[PDB]
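So the protein sequences, as listed, match chains A and B.
Going left to right, the first sequence walks through residues 1 to 901 as the authors' numbering numbers them.
Going left to right, the second sequence walks through residues 8 to 816, 828 to 1116 as the authors' numbering numbers them.
Read the structure below first, then the notes.
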Amino acid sequence: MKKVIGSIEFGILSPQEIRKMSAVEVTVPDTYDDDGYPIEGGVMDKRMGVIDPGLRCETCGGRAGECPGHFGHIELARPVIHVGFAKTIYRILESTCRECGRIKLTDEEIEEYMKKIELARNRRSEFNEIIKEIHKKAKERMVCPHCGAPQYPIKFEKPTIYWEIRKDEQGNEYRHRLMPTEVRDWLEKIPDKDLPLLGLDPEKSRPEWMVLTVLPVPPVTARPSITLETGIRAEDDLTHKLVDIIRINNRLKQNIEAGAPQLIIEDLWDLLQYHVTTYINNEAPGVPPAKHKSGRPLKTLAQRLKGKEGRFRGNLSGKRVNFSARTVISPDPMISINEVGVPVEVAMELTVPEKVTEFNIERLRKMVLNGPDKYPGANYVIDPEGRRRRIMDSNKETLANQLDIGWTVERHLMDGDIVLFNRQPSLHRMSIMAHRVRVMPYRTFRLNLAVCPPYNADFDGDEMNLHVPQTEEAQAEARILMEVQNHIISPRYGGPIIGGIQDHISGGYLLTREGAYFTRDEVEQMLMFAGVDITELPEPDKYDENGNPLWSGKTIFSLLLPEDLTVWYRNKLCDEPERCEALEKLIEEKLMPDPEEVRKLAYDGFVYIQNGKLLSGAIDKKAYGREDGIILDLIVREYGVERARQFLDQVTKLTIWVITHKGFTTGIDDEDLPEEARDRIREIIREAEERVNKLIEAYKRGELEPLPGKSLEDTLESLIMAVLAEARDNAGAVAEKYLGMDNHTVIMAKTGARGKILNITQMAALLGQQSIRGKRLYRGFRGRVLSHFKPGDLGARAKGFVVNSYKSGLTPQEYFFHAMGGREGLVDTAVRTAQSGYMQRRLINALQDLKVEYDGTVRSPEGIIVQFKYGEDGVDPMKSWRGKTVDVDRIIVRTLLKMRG
Amino acid sequence: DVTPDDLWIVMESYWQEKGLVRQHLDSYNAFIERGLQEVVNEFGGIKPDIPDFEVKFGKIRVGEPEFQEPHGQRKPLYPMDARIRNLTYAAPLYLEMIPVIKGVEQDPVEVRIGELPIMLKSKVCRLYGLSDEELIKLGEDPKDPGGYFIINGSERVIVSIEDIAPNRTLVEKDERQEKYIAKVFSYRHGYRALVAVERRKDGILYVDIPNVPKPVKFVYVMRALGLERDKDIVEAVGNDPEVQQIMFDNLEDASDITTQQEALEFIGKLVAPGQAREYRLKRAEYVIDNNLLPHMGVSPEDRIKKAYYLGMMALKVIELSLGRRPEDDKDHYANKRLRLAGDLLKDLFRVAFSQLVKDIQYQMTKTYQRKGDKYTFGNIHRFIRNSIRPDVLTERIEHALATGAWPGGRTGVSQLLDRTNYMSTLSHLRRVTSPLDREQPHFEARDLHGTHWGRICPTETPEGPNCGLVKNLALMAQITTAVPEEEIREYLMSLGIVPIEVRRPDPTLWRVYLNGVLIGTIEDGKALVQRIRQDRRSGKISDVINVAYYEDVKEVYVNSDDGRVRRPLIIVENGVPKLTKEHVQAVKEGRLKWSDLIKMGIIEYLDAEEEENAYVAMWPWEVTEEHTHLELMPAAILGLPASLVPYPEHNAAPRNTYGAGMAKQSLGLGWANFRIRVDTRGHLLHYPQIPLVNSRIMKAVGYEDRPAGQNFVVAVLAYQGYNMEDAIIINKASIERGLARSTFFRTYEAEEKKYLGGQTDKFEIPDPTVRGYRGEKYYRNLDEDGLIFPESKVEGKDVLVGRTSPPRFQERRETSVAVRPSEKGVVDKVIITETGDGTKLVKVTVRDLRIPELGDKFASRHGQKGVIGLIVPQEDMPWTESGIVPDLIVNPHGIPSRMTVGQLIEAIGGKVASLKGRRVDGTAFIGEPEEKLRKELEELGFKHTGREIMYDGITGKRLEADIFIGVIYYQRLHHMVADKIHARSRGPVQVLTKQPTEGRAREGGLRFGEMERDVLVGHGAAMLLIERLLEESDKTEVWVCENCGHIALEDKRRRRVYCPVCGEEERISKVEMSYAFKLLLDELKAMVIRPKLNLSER
Ligand SMILES: [Mg+2]
Ligand SMILES: [Zn+2]
Ligand SMILES: [Zn+2]
Ligand SMILES: [Zn+2]
């Protein structure tokens, strides 16, 4: 029975409409009287509404909240020019004629412009181009075609001033200052037939209305008054401006009636026009902004709408919301990836309204009986009539008994409820997801660690927001569309995003590395800890001394895999390609080689899984990592989201147990290189410095050959930088060579768990060359960065090359150079964030509302067909195989192995 | 030969004598001594409209810090009283006035022109020169450095602004218009004048002058300054044949003007278009007098010197046009001058004194016009005495220092003093900020210039948009104070330089500049600079004079101005340092002081200019023949907080920056007055400890007397995955024994306001009659006087001070002061005071115990930060084979990709120190080397690697790998989860938008911004978007007529809806909408915009 706004037609207002709309004429320039009691006819007249408690308005009455607010009006003594339509007024005046008010266009030109303007009038740009062409053709004319009168040129000034050069004696063309009255007379005589040629309709935009005669007064609610500490009742700046207008035009009316010299009348007219200009737009160019008592410009209507904190954006686009909470986040790997740990205190405050039905009457009755202080309780109860009651210890039993079908209970949060979890800034879609609730005692949100990469969150003080949907449709949408397990595959590149991080990968490597073996107790304990519902241990693999069974890590891992899974690939740990080549030959010869042969030719570097048995390989980042988790991707594509969730929840816990009970540490001796490596590194650095010095000497003698680089100095700098980069790379190569895989830091770097080789070579060999904006350090004194070097020195050390390492300590000059290097990265991030944010805002506003229709096409809001088939293929990038439309090889291999097996 | 230890002994005397806040105290003392008198002399006197009556200003003096009680007495005031009573520490300014009648002076009359705030511990403050016991009796911490103001009971500190050097020529490149521009910021009596001479593509020189709408030709304005003959301009510009050629080309292109009157009339036409003949000439002369190089002299006689300076600027421009000299980088600290407290205070005082003298003349004229000549001239003394209002000056000064908005557009000049701990306060007192806008990138400004070495800390800087624009002084910094310029000018004149006007700068001669203005020429620049250096080192002249010569351009620069940043250096002569061993011995024994070394010619200060000619040797053993100076202590180039990090050269720079920034947030016994102080917030750490591995600097600067952390036993291994992603695991038994346990203070304040008319508030137990009377349980522990009992338990929303306000916006409004809704604690102290106005003032502080829990943030000095991830029982913790149970466990994945080897070195050093019974030196570059620590650890029965064998807590069997374990210094930060948790179910709403309020204090709601809207759209959940946006905020219903679309106006009286504009009742529909949309429609209708709504049915 309700209606909805189907369309809005914007138009300009009219003085008659202003008169009819308003309910009072504000003539008294006073705001408030003693003890309130607003002055009748004042800027706070009760006719326009009531804001304070205890009083009623007259047009509609009711409380302050009940009154919607009503419009007033002020009848100006003499017309003034609206600021927003100033340029349009100027164009109209300099295009149309003065006598007949008709456009300075010929009849046939009018006819052809009529024909083209209707043709394809939908597009705005071509419409404006036609308008500009018509304006130019009208302006170029001198004598009006309809009447032989000289259309004198008209000039415009930024603060809405028009003073055309009226004909003077001897054709001097004196610049007569136009007044709004004669401009109004000019505009009224304009006919309506040619109005469309001026870009104006004849119904909601009349050129006469473009000049003000009576302006409205916003309702009192629209201009609220806030009481200060001493009851100042400081009103909105709009009220102060309105008071100024009322006083000024009152005095203007007085001196108009008195018939004073017209110069004072003109001065008051200018003052009133300036005041109205500030009221419409306080920042309008060409006028001095009207500051308040403390020298602050008033925020008039124009500034109220615009801006980040303005009305249009930041007030309807976004706003503060109810049923939300915010607190810090702490890790918890013992919950499922689609659950969030909620403090018990938040659950007592946030509530979910539940309707009492037949199947939940018992639970709701019990929870109402629990009251608002025990945890599984409620706060408010809503009867079928509509009135809302509050639960208290006095009326717990009575309210519990009165509960029946149709009532509503505002219960506490419970396990299994659905909530929204968000982290700011919200860069992509996955920044908001839906997790199930699990209540916890302490005061921080608990988030599973595999879910960090989507939120891009770290437990170093980050805070996150939680939202609780209240309506059933919202809950269903959150449960079906935004469940965590539904977003395992990223829509940006078609690969997994919710995968293992750090300890998961490292513990996987430790578990499935070659030579790892586990006893009976360890196997049983880790299997129970992971949650696998095993009942009998498999047959022992190797018997050690004293006759104790031992199980390889591969068997324990394979217990977690599906029964029918076959895949093989090369991971990051590969270093001997010959072993992988031999294994590939064995697999390719016949697609099901005998398992014993594969165990014979096993090698960490070629992961191979045969019917759920891990035959050869070590867990790496390529297994279930954040970026290229092949096994996780295969499971989530071939079995389902539930199976992927179970697999992740098992492997994370198993790897955590392995890394916790096997021991994993890093220390000061993780960078203790032997003597030979140090001697080699010193030799490399000395050779590089000698080469740089030779280049510098060659440049000084002038024998340097200019590279295609324009400047000889730039060629020298490029050569020096290339030499230094090569030196650092060679030092890194030797440092990496001399550190084995028994080192824990090397394990963490190679598997991709944390860091890279650059960190190792910078902590063990040397930092290298420091630079800003791609150039060596040059800012400082004349010809030298620091006063400790001779001027004109271009050597390696003198410009930033640091030959020391973090372990060996830095000399003070190297320390200063390194600080100069790091400051650039800091400021780079600081500026990059803002630039990227602005770009994303522009892109979002550009492409916000495109969608896929039911026929497969993508259409613009008006109806234009952007694409005849989305993505040229019709396949969602999220469901694509890493950007491919379909993985043919995988399907062929899977089917062939399935049937032939 | 000397060693770095001897240089350290010498260096520590510098901080022992000068202190750490001298840049404030010296500037303020100079201001008090001479700036007030200088400003008063600048103003001159009062000129009223009374016939044959004049007032001549005399001398101005400052009294002692006093307070005018509401009762007639005037009593001495102490800083603690000002802090507690919300007063303003200030002293009255007494100015004598000499009345001149008929050209005859009379006996001067002493008057009080107002009060001026007193910087604490300055030479005029009451705490100056007091012993420790006296300071303790007065209620102040002896370690307090002073150097800050107290305004309305709040501590305001003035941060130094970093401005361009004044009265100096800087040539820059403008490739967009291909113009080569030189700019000078001339300063005179606080007024600035940007005067620029530029050369465009045509090769014609134009001059830009303030208030002149368009550039004027160079020789036109040069002729306007007299000097009309073309040969005069040719000589002034220089004597280089290409320069003469270009000048003659300009003369040919500007032969229209040949008489000074013609040029004056021309500038009259430009500056005063379309006015009377006589007005434009006077306006042009006035603009020439006080807008073109005012610092050279505003008197009309000074045209010649201004023309000479303009010729010098033009010569610089054309020389850079030929590539002779390069562009001058603005970041070079030779071109930057710091604005200290004294300069800004003098500017503000001048601004206020202008208003004061204007009001004085207005009052005297009005009184004389109203009354008769007999009444005034009978007792001129009483007339002058009663024709003054000091509040005009006092309120201006107070408000400017309180809000921080300086007169002249500057903002943020004064900020609230931080008091979290020792480091935060002492670092805030040594901050330097840049006036540039933060939003723009400013890539060149934010970088680290090479001249910052020893003047600006390279690491301490903010993280966000302030990165690189906010900087802190290095430890070895010494800002200068100005000296009489005319005395230096006379000395230089006597040295042998010929004045400028006698002869032109022949390229065979050397130009000489004094504070940026040319003063003459000489033949041997090197001899002159050597002579001045010898005189400075002997002691003939002051040590603030700095001389630098530039061989390429043959210029000599002498600097004696204010605000230069300098560092000390040991003078090296003939490859032999002048500081010998017996000097170090004398310094150690106390027979010699730092000032004596300065006056003996052993150590001299160098600014960014003089350092251009230096070649400094970093270490004592590296001194060779060509070296001219020796670095005192390289470890002092770091700022005060940055020195906290031990072994800072073993860390990556971003981590050092993070640690330096975080050292200002840790809890600890910051000040001994925490019990009796009244601050808005404060923290106290129960058991602070001195770091085991510490730099020797912080013992000297006094940090070790106010430590801010504890020493933990840290093990590095992964435990249950609860310490992943920079989270830490903390032992439970250790927490229960008093580890990282802290307390939180917050002070509430209530005032018995005295409204006009006699209606005043009162303290009482509010009876249930009053409006706004909350629950009876809220006032349950208040005594009958309306104040809470100390050591009572409050839990949130509980009333602390009961107070009822008059009903004036037969009732009484309830205006009690209650605890914040989400907080809790125990009342600590209640103070009853009489405020400045004579009314009552009550301050209550509530303390809360804060045991560590999940979410509390911890951080180390090496930048590692994290929150507590899990609390583990002691029996579940692993234990080493020697019987050590870790206090805290960190994740091994945090070490690489953070690259903080300093943390591991400190871990080794802590256990070495604890085993050996002595603390370990960890100074920046002279600390104990790592290899020595490893060898010592090996000698004590432990592995050199620092690893140990532990057994698992649960299983009870030893781990396969040996684990790294040691002692590391950890600090508890003040970002604690008890102050960050926030929830909102329904709450109150705003007025205009009726949306949920903003802020935790007022039960506000969280923000659902535009980005969240786009995210929810991307998921495709339309109804969820509706629920989050509209359903739970600003629900509305509105009636609209179906032909106009104007909002239909319902009638409650007639029970009928209707269209007021349209007069329609046949069809009115009810539509749901948002309150924001309704208000937007109203706001559009406020303008002439008419939105017509078309309705449709679903
Ligand atoms: Mg973070
Ligand atoms: Zn109403
Ligand atoms: Zn006409
Ligand atoms: Zn209507």
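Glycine residues also receive a C-beta, built at the ideal position from the N, C-alpha and C atoms.
Taken in chain order, the members of the stretch 901 to 917 of chain B whose beta-carbon sits within less than 7 Å of a beta-carbon on chain A are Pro910, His911, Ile913, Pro914, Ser915, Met917. Proximity of chain B to A/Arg304 at the Cβ level (cut-off 8 Å) is accounted for by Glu1101, in chain order. Distances from the CA of B/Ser1051 to each of B/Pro1078, B/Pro1006, B/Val1079, B/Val1058 were compared; the closest alpha carbon is that of B/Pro1006.
Taking one beta carbon from each stretch, the stretch 663 to 673 of chain B and the stretch 130 to 144 of chain B have fewer than 3 pairs nearer than 8 Å; the two do not touch. Under DSSP, the beta-bridge partners assigned to B/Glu580 are B/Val583.
The DSSP assignment places no complete run of the beta strand (DSSP E) inside the stretch 924 to 975 of chain B (cut-off: 3 residues). Of all alpha-carbon atoms in B/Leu102, B/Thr95, B/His78, the one lying nearest the alpha-carbon of B/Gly70 is that of B/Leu102. Every alpha helix (DSSP H) stretch that sits fully inside the stretch 283 to 369 of chain B and reaches 4 residues is listed by chain position as 284 to 298, 310 to 328. Residue contact with chain A for B/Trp460: present (Cβ-Cβ distance below 7 Å to some residue of chain A). In chain order, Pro914 make up the part of chain B whose C-beta sits under 8 Å from the C-beta of A/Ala749.
Across the set A/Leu560, A/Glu717, A/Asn546, A/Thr512, the C-alpha of A/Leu560 shows the shortest separation from the C-alpha of A/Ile534. Taking 7 Å as the cut-off between beta carbons, none of the residues of the stretch 703 to 721 of chain B comes near chain A. Per DSSP, reduced to three states, the secondary structure at A/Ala796 is coil, with no helix or strand assignment. Straight-line spacing of the CA atoms in B/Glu899 and B/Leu586 works out to 53 Å. Across the set A/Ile51, A/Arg311, A/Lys319, A/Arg78, the C-alpha of A/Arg311 shows the shortest separation from the C-alpha of B/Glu1101.
Beyond the five residues adjoining it in sequence on each side, A/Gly49 comes within less than 6 Å, by CB distance, of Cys57, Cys67, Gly69, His70, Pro219, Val220, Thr221 in the same chain, given in chain order. As far as DSSP is concerned, B/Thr631 takes part in no beta bridge.
In this model, B/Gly809 and B/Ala757 are separated by some 9 Å (Cα to Cα). Close CB contacts of B/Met917 within its chain, under the 8 Å cut and outside five residues either way in sequence, are with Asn658, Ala659, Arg662 (chain order).
For A/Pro218, the nearest CB of chain B lies under 7 Å from its own CB, placing it at the interface with that chain. Shown here for B/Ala615: same chain residues with a beta carbon closer than 6 Å to its own, the five before and five after excluded, namely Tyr340, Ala341, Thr458 in chain order. Residue environment analysis places B/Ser749 among the buried positions, since at least 16 neighbouring C-beta atoms fall within 10 angstroms of its C-beta. In the three-state reduction of the DSSP assignment, B/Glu1060 falls in the coil class, being assigned neither a helical nor a strand state. Around the beta carbon of A/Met528, a 10 Å sphere encloses fewer than 16 other beta carbons of the protein chains shown; the residue is thus reported as exposed. In chain order, the residues that have a beta carbon nearer than 5 Å to some heavy atom of ligand 1 are A/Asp458, A/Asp460, A/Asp462. Beta-bridge partners assigned by DSSP to A/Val852: A/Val858. For A/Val211 and B/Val1106, the gap between their C-alpha atoms comes out near 10 Å. Contact of B/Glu756 with chain A by beta-carbon distance below 7 Å is absent, the smallest such distance being about 13 Å. Within chain B, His911, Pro914, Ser915 have C-beta atoms less than 7 Å from the C-beta of A/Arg754, given in sequence order.
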